[PDB]
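Take a look at this single chain in structure tokens; it is the form deposited in one PDB entry.
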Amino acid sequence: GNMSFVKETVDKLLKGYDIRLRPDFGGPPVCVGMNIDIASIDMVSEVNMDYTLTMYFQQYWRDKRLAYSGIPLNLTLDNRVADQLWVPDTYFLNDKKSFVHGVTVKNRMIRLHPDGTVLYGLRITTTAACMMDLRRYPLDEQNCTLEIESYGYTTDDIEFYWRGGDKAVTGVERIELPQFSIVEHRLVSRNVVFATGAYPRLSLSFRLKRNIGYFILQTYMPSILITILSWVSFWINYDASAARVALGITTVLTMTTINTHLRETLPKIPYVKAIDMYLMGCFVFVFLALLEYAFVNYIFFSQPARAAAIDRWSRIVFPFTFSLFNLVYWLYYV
């Protein structure tokens, strides 16, 4: 109630305070318990091999230099006072661009407790790198991790743990990814040894499964229908050479245009993927259909009966071979 007394207490707490020294400097390591409240996952980029994540990152520790008596209340201070206190050098190992929101003020919270306990909250949007294995794209399953580490202090000076256990990270169920579904999330705590010593490490891992309905409707069905249209030329009478030539070469042209526009629309992934293999298979099928028609046209004059036999064998074989190819493709990747 008396703001002058509270100001005197805070000034006494900050009088002689050395921000350059960690709590219990030269003694036992200071334990920092961390919790994450995930607000959203903005995007998951395959081209950049990363994902954007917005979260409330809260750190919990104890500094006996900040213990105060006579006030039976928790002191929620202005965020600017965080510039006058020691804070852990927590950073994200795999991030590429991170920032703290600063509207209207810096998205930062400092709460002090009578026993010297400090709660330090930040709102962070971080773009964390995620190496994605896109061999099975778009039927792939990815695993993206956020790594939390101390930068300068070793395990002799600081220790990390998930405050609250498996419930340390919340808001995962509220994540709305249009293209992915979060199968599972895991929390890991360990120590990692580098040339400068052992450092604490926390890990938050998500497992994402990609949705396939959009790719099925927009990437596979046109190719299947173009392959069927390529088959259509088999039932066309072989006397109409111009009609069958036009049909085959125009199916080839449609397949080429579809492949090029899909490659333009699909993420710029410079290695072989499942959808690329399927498109190549469809292109090879239409190419073989055109070659078969060419052979039939060439051998028609010498022996029309053999040409008709080849035509009917193509009618009975091409759908069967394509069905076998599709069965192999959809059993290998599923």
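C-alpha atoms forming the largest set that superposes within 1.5 Å between two forms make up the rigid core. The first residue of the sequence shown is number 1, and the count goes up from there.
If you look for the form deposited in another entry, you will not find it shown, but the lines that follow are about it.
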request  = Considering only 259, 150, 94, 125, single out the residue whose C-alpha is displaced by at least 2 Å between the shown form and the other one after superposing the rigid core.
outcome  = 259
task = Compare the position of the CA of residue 188 between the shown form and the other one after a rigid core fit and state whether the shift reaches 2 Å.
result = no
ask   = Rigid core fitted, is the C-alpha displacement of residue 30 between the shown form and the other one 2 Å or more?
value = no
query = Once the two forms are fit on the core, has residue 105 moved its CA by at least 2 Å between the shown form and the other one?
reply = no
note = Relative to the shown structure, Cα residue 267 and Cα residue 211 in the other form (3 Å or more change) are farther
